[PDB]
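As structure tokens, the structure follows; a few thoughts come after it.
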There are 2 protein chains.
Amino acid sequence: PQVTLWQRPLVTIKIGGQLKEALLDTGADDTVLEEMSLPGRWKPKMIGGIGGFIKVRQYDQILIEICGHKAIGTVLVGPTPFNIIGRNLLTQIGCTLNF
Amino acid sequence: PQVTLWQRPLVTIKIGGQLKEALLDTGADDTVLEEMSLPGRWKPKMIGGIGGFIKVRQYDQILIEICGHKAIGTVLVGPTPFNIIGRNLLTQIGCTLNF
Ligand SMILES: O=C(Nc1nccs1)c1cccc(CN2C(=O)N(Cc3cccc(C(=O)Nc4nccs4)c3)[C@H](Cc3ccccc3)[C@H](O)[C@@H](O)[C@H]2Cc2ccccc2)c1
């Protein structure tokens, strides 16, 4: 759908049998999700943002349905204020930025 | 123009007589530029990012060319690692997110 930027672009995602709300985020290379339970294995990782670096658990390849659209990729779970869908999944649902 | 997100969506801005590149960031409510020489005076603000919070100078009423497009807005200048243009200016250059 087309989404204007007068408001945060949040979408509903279902991950892991749970529904979440997440921000669509063109500056983020990676999807980062607030602490939640996934089944399976993960790797420790660190990413930086404004403010600092956080240590995060890298899970792949997780199925996520974002709006209607299914995608599979790496998600990282950690101490983020908000669930962020970054460009690794945005490419997968065909998202463009248009001005 | 239409950007796909296989790379980071970078644009040239002209800000304060200086040419820079910045990231078009739908997740960022506020535009934050690395420290630079801006005239005029300002107010301290803090904003929060993913690794915590950063303290920045707030200038209002700043002219930016972002691609061909002039906008006038609030710019925070401070300890970011990238120049981010956020939704306060994105909305002025008429940016849409599309999937
Ligand atoms: O993959 C990532 N990093 C990797 N590291 C290594 C490999 S990959 C990664 C994934 C998600 C987010 C980010 C880090 N990140 C942020 O920290 N901010 C804070 C931000 C940026 C700009 C403005 C504001 C703002 O307006 N804050 C405000 N607070 C109060 C009022 S306004 C906030 C938000 C997201 C956000 C919003 C609210 C709370 C928390 C975060 C941006 O929207 C993101 O795109 C991105 C920007 C960025 C990108 C690269 C390096 C540094 C910074 C990085």
Side-chain angles (χ1 to χ4, degrees), chain A residues 1-11 13 21-34 45-56 65-71 73 76-99, chain B residues 1-11 13 21-34 45-56 65-71 73 76-99:
Chain A
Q2 193 186 82
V3 16
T4 57
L5 298 174
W6 296 99
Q7 36 209 10
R8 294 196 192 158
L10 301 316
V11 279
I13 73 174
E21 180 101 287
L23 187 65
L24 263 6
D25 187 346
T26 56
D29 304 336
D30 281 339
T31 294
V32 189
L33 296 174
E34 69 193 358
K45 196 196 176 177
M46 283 166 272
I47 61 177
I50 292 295
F53 274 64
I54 62 172
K55 219 290 295 171
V56 96
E65 294 191 59
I66 301 166
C67 215
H69 305 242
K70 291 141 179 296
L76 321 176
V77 160
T80 170
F82 302 124
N83 294 308
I84 290 170
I85 311 291
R87 282 162 52 238
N88 74 315
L89 293 171
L90 297 167
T91 51
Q92 263 194 73
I93 69 186
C95 185
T96 46
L97 191 53
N98 292 258
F99 65 102
Chain B
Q2 183 172 79
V3 163
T4 56
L5 285 162
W6 302 98
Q7 282 293 343
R8 300 182 179 174
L10 290 157
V11 297
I13 71 175
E21 290 181 64
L23 182 79
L24 259 38
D25 193 336
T26 59
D29 315 283
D30 271 347
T31 295
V32 192
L33 303 172
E34 296 182 273
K45 176 183 171 65
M46 291 195 316
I47 60 151
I50 213 179
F53 59 99
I54 257 177
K55 186 142 71 177
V56 292
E65 262 70 281
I66 300 162
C67 283
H69 311 251
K70 321 156 191 165
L76 279 33
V77 164
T80 175
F82 281 114
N83 305 302
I84 304 301
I85 79 156
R87 296 185 294 105
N88 71 316
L89 258 10
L90 243 33
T91 268
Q92 285 184 53
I93 59 187
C95 202
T96 47
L97 211 49
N98 200 89
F99 65 115

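A, B, ... follow the sequence lines: proteins, then strands. Residue 1 opens every chain. Side chains included, hydrogens not; waters and symmetry mates left out as well; all remaining heavy atoms used.
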Find the one option among B:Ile54, B:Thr91, B:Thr80 whose heavy-atom pairs under 4.5 Å with chain A are most numerous.
-> B:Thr91
Identify each donor-acceptor pair in which a side-chain atom of residues 1-10 of chain A lies under 3.5 Å from a protein atom, sequence neighbours left out, and give them as a table.
{"unit_1": "A:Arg8", "atom_1": "NE", "unit_2": "B:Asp29", "atom_2": "OD1", "d": "3.4"}

Name the member of A:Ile93, A:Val32, A:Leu24, A:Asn88 that forms the most heavy-atom pairs with chain B at distances under 4.5 Å.
-> A:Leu24
Is there side-chain contact between B:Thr31 and B:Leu76, with heavy atoms separated by less than 4.5 Å?
-> no
Hey, which of B:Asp25, B:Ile50, B:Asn98 has the most heavy atom pairs under 4.5 Å with chain A?
-> B:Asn98
Sort A:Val56 into side chain, backbone, both or neither according to what part of it lies under 4.5 angstrom from a heavy atom of chain B.
-> neither
Can you check whether B:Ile66 reaches A:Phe99 side chain to side chain, under 4.5 Å on heavy atoms?
-> no
For atom NZ of B:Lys55, is the number of surrounding heavy atoms from other residues, nucleotides or ligands below 6.0 Å larger than 12?
-> no
Shortest non-hydrogen contact between A:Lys45 and A:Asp30, atoms and distance | NZ-OD2, 3.5 Å
Any idea which of B:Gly94, B:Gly48, B:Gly51, B:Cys67 has the most non-hydrogen atom pairs under 4.5 angstrom with chain A?
-> B:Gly51
